[PDB]
Amino acid sequence: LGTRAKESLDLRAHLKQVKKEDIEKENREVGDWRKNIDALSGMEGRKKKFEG
Amino acid sequence: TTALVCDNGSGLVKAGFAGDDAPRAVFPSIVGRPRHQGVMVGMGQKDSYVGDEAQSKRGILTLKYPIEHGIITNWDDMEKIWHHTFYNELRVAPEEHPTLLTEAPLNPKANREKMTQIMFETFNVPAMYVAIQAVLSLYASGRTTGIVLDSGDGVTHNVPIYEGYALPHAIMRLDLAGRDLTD
Ligand SMILES: Nc1ncnc2c1ncn2[C@@H]1O[C@H](COP(=O)(O)OP(=O)(O)O)[C@@H](O)[C@H]1O
Ligand SMILES: [Mg+2]
């Protein structure tokens with residue numbers, strides 16, 4: 001009984017390792033970028049050129 | 001060289017060199033022959049006063065607009081108006097200047113073809129281009145989308161534009177304009 005139980009335990013151990021430890025390879029992607037504001041400072045242009 | 005941005009319109013001809021803020025010369029587009037007899041000799045009476053001159057002698061003239069609803073109905077008078085615009089209100093010979101006329105949407109083809117034929121044969125310009133009157137009004141607003149309602153004096157047309165791609169199936173041209181309101 002112990003042998004059969006430990007067989008399944010060891011079999012699932014490696015699967016759990018691969019599933020979980022490999023998550024630590026990267027988890028910062030949740031972090032978003034700046035997305036800064038202007039605060040009425042980027043108003044320094046007239047209606048001179050618009051195509052470029 | 002510089003380009004001539006003429007804009008025939010219907011009711012006021014607006015013209016001027018490209019790159020400025022306002023048209024150089026704005027004057028009504030009417031050509032009026034005198035109708036009475038005339039007794040003073042040597043007064044120097046001409047046979048047709050065009051432009052803003054016929055808005056001062058209008059007491060003895062019969063003013064008649066050469067453009068009815070966008071389309072041009074009297075080609076000789078329109079040629080006279082263009083000749084006046086080039087030579088007396090701007091004083092630049094057309095042999096050395098590109099021209100950019102404007103035309104309402106959904107107008108007859110023959111009108112546009114005759115316009116280009118006149119500009120190339122009579123005035124002999126180097127190069128001319130015809131543009132739809134609503135896209136320009138969208139340029140001036142500094143936008144690139146939007147639906148523009150250009151209620152002129154001849155014809156009211158409503159051209160929708162998105163991201164620079166005009167929608168040709170959604171142009172609604174209606175012939176009520178300032179002239180009908182005057183009447
Ligand atoms: N300040 C104003 N108030 C009301 N109506 C005006 C005014 N100025 C012009 N209009 C009307 O608009 C007409 C001029 O329209 P305009 O834009 O010159 O036509 P076009 O597209 O042919 O140039 C005039 O006939 C007049 O009836
Ligand atoms: Mg107009």
# chains A, B, ... in the order shown; residues from 1 in each chain; ligands from 1
>>> residues_near_ligand(ligand="ligand 1", cutoff="6 Å", atoms="only C-alpha atoms and all ligand atoms", output="mmCIF file with N, CA and C atoms, in the first residue's frame")
data_model
loop_
_atom_site.group_PDB
_atom_site.id
_atom_site.type_symbol
_atom_site.label_atom_id
_atom_site.label_comp_id
_atom_site.auth_asym_id
_atom_site.auth_seq_id
_atom_site.Cartn_x
_atom_site.Cartn_y
_atom_site.Cartn_z
ATOM 1 N N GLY B 9 -16.860 78.812 -55.847
ATOM 2 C CA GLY B 9 -18.004 79.079 -55.019
ATOM 3 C C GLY B 9 -19.192 79.487 -55.862
ATOM 4 N N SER B 10 -20.219 79.984 -55.174
ATOM 5 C CA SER B 10 -21.398 80.505 -55.866
ATOM 6 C C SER B 10 -21.952 81.641 -55.015
ATOM 7 N N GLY B 11 -21.553 82.861 -55.335
ATOM 8 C CA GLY B 11 -21.974 83.992 -54.540
ATOM 9 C C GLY B 11 -20.813 84.862 -54.117
ATOM 10 N N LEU B 12 -19.680 84.245 -53.797
ATOM 11 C CA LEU B 12 -18.459 84.968 -53.474
ATOM 12 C C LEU B 12 -17.277 84.167 -53.985
ATOM 13 N N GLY B 152 -23.071 76.073 -48.273
ATOM 14 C CA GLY B 152 -22.652 77.257 -48.998
ATOM 15 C C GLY B 152 -23.821 78.157 -49.348
ATOM 16 N N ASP B 153 -23.657 78.883 -50.452
ATOM 17 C CA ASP B 153 -24.733 79.717 -50.968
ATOM 18 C C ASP B 153 -25.447 79.057 -52.137
ATOM 19 N N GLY B 154 -24.786 78.139 -52.824
ATOM 20 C CA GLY B 154 -25.442 77.441 -53.904
ATOM 21 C C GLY B 154 -26.086 76.145 -53.463
ATOM 22 N N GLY B 178 -28.101 79.349 -49.330
ATOM 23 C CA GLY B 178 -28.335 80.746 -49.015
ATOM 24 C C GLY B 178 -29.203 81.465 -50.025
#
>>> interface_residues(of="chain B", to="chain A", cutoff="10 Å", atoms="only C-alpha atoms", output="list in words")
residues 19, 139, 140, 141, 142, 143 and 144 of chain B
>>> write_last_selection(atoms="N, CA and C atoms", output="compact mmCIF listing (two decimals), in the first residue's frame")
# COMPACT_ATOMS: atom_id res chain seq x y z
N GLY B 19 -0.61 79.34 -48.84
CA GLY B 19 0.28 79.47 -47.71
C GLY B 19 -0.02 80.63 -46.78
N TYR B 139 -9.71 69.73 -43.75
CA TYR B 139 -8.31 70.09 -43.54
C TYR B 139 -8.19 71.27 -42.60
N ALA B 140 -8.97 72.32 -42.84
CA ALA B 140 -8.81 73.55 -42.09
C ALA B 140 -9.06 73.35 -40.60
N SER B 141 -9.93 72.43 -40.22
CA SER B 141 -10.18 72.17 -38.81
C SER B 141 -9.05 71.41 -38.15
N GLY B 142 -8.08 70.94 -38.91
CA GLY B 142 -6.98 70.20 -38.32
C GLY B 142 -7.35 68.81 -37.86
N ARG B 143 -8.51 68.32 -38.26
CA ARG B 143 -8.94 66.98 -37.93
C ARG B 143 -8.46 66.01 -38.99
N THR B 144 -8.84 64.75 -38.81
CA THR B 144 -8.72 63.75 -39.87
C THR B 144 -9.94 62.87 -39.97
>>> residues_near_ligand(ligand="ligand 2", cutoff="10 Å", atoms="only C-alpha atoms and all ligand atoms", output="JSON, numbers by chain")
{"B": [7, 8, 9, 10, 11, 12, 13, 14, 70, 102, 103, 104, 132, 133, 134, 136, 137, 150, 151, 152, 153, 154, 155, 156, 157]}
>>> select_by_dssp(residues="range 12-171 of chain B", states="alpha helix (DSSP H)", output="JSON, numbers by chain")
{"B": [75, 76, 77, 78, 79, 80, 81, 82, 83, 84, 109, 110, 111, 112, 113, 114, 115, 116, 117, 118, 119, 120, 121, 133, 134, 135, 136, 137, 138, 139, 140]}
>>> write_last_selection(atoms="N, CA and C atoms", output="CSV table (one decimal), in the first residue's frame")
chain,number,residue,atom,x,y,z
B,75,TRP,N,-21.1,79.8,-69.5
B,75,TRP,CA,-19.6,79.6,-69.5
B,75,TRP,C,-18.9,80.9,-69.9
B,76,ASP,N,-19.5,81.7,-70.8
B,76,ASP,CA,-18.8,82.9,-71.1
B,76,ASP,C,-18.6,83.8,-69.9
B,77,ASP,N,-19.7,84.0,-69.1
B,77,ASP,CA,-19.6,84.8,-68.0
B,77,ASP,C,-18.6,84.3,-66.9
B,78,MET,N,-18.6,83.0,-66.8
B,78,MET,CA,-17.6,82.4,-65.8
B,78,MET,C,-16.2,82.6,-66.3
B,79,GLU,N,-15.9,82.5,-67.6
B,79,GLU,CA,-14.6,82.8,-68.1
B,79,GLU,C,-14.3,84.3,-67.9
B,80,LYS,N,-15.2,85.2,-68.0
B,80,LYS,CA,-15.0,86.6,-67.7
B,80,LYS,C,-14.6,86.8,-66.2
B,81,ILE,N,-15.3,86.1,-65.4
B,81,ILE,CA,-15.1,86.2,-63.9
B,81,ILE,C,-13.7,85.7,-63.6
B,82,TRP,N,-13.3,84.6,-64.2
B,82,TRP,CA,-11.9,84.0,-63.9
B,82,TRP,C,-10.9,85.0,-64.5
B,83,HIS,N,-11.1,85.6,-65.6
B,83,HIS,CA,-10.1,86.5,-66.2
B,83,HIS,C,-10.0,87.7,-65.3
B,84,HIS,N,-11.1,88.2,-64.8
B,84,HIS,CA,-11.0,89.3,-63.9
B,84,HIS,C,-10.2,88.9,-62.6
B,109,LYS,N,-20.4,65.8,-64.8
B,109,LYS,CA,-19.0,65.6,-65.3
B,109,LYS,C,-18.6,66.8,-66.2
B,110,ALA,N,-19.5,67.1,-67.1
B,110,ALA,CA,-19.2,68.0,-68.2
B,110,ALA,C,-18.8,69.4,-67.6
B,111,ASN,N,-19.3,69.7,-66.4
B,111,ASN,CA,-18.9,71.0,-65.8
B,111,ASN,C,-17.4,70.9,-65.5
B,112,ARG,N,-17.0,69.8,-64.8
B,112,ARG,CA,-15.6,69.7,-64.4
B,112,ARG,C,-14.7,69.6,-65.6
B,113,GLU,N,-15.1,68.9,-66.6
B,113,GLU,CA,-14.2,68.7,-67.8
B,113,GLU,C,-14.1,70.1,-68.5
B,114,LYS,N,-15.2,70.8,-68.7
B,114,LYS,CA,-15.1,72.1,-69.3
B,114,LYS,C,-14.3,73.1,-68.5
B,115,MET,N,-14.3,73.0,-67.2
B,115,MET,CA,-13.5,73.8,-66.3
B,115,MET,C,-12.0,73.6,-66.6
B,116,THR,N,-11.6,72.3,-66.6
B,116,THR,CA,-10.2,72.0,-66.9
B,116,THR,C,-9.8,72.4,-68.3
B,117,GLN,N,-10.7,72.2,-69.2
B,117,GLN,CA,-10.3,72.6,-70.6
B,117,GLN,C,-10.1,74.1,-70.7
B,118,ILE,N,-11.0,74.9,-70.1
B,118,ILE,CA,-10.8,76.3,-70.1
B,118,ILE,C,-9.5,76.7,-69.4
B,119,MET,N,-9.2,76.1,-68.2
B,119,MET,CA,-8.0,76.5,-67.5
B,119,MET,C,-6.7,76.1,-68.3
B,120,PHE,N,-6.8,75.1,-69.1
B,120,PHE,CA,-5.6,74.7,-69.9
B,120,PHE,C,-5.5,75.3,-71.2
B,121,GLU,N,-6.6,75.7,-71.8
B,121,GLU,CA,-6.5,76.3,-73.2
B,121,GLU,C,-6.5,77.8,-73.2
B,133,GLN,N,-15.1,70.2,-52.1
B,133,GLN,CA,-15.2,71.4,-51.2
B,133,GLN,C,-15.3,71.0,-49.8
B,134,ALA,N,-15.5,69.7,-49.5
B,134,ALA,CA,-15.7,69.4,-48.1
B,134,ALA,C,-14.4,68.9,-47.4
B,135,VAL,N,-13.6,68.2,-48.2
B,135,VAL,CA,-12.3,67.7,-47.7
B,135,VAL,C,-11.4,68.8,-47.3
B,136,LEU,N,-11.5,69.9,-48.0
B,136,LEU,CA,-10.7,71.1,-47.6
B,136,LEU,C,-11.2,71.7,-46.3
B,137,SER,N,-12.5,71.8,-46.1
B,137,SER,CA,-13.0,72.3,-44.9
B,137,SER,C,-12.7,71.4,-43.7
B,138,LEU,N,-12.5,70.1,-44.0
B,138,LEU,CA,-12.0,69.2,-43.0
B,138,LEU,C,-10.5,69.4,-42.7
B,139,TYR,N,-9.7,69.7,-43.7
B,139,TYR,CA,-8.3,70.1,-43.5
B,139,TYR,C,-8.2,71.3,-42.6
B,140,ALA,N,-9.0,72.3,-42.8
B,140,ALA,CA,-8.8,73.5,-42.1
B,140,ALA,C,-9.1,73.4,-40.6
>>> select_by_dssp(residues="chain B", states="strand (DSSP E or B)", output="PyMOL selection string")
chain B and resi 4+7+13-15+17+25-27+31-34+49-50+61-64+67+72+99-103+128-132+146-151+156-162+165-166+172-174
>>> atom_distance(atom1="CA of residue 101 in chain B", atom2="CA of residue 85 in chain B")
12.7 Å
>>> atom_distance(atom1="CA of residue 174 in chain B", atom2="CA of residue 108 in chain B")
14.7 Å
>>> atom_distance(atom1="CA of residue 31 in chain A", atom2="CA of residue 18 in chain A")
23.9 Å
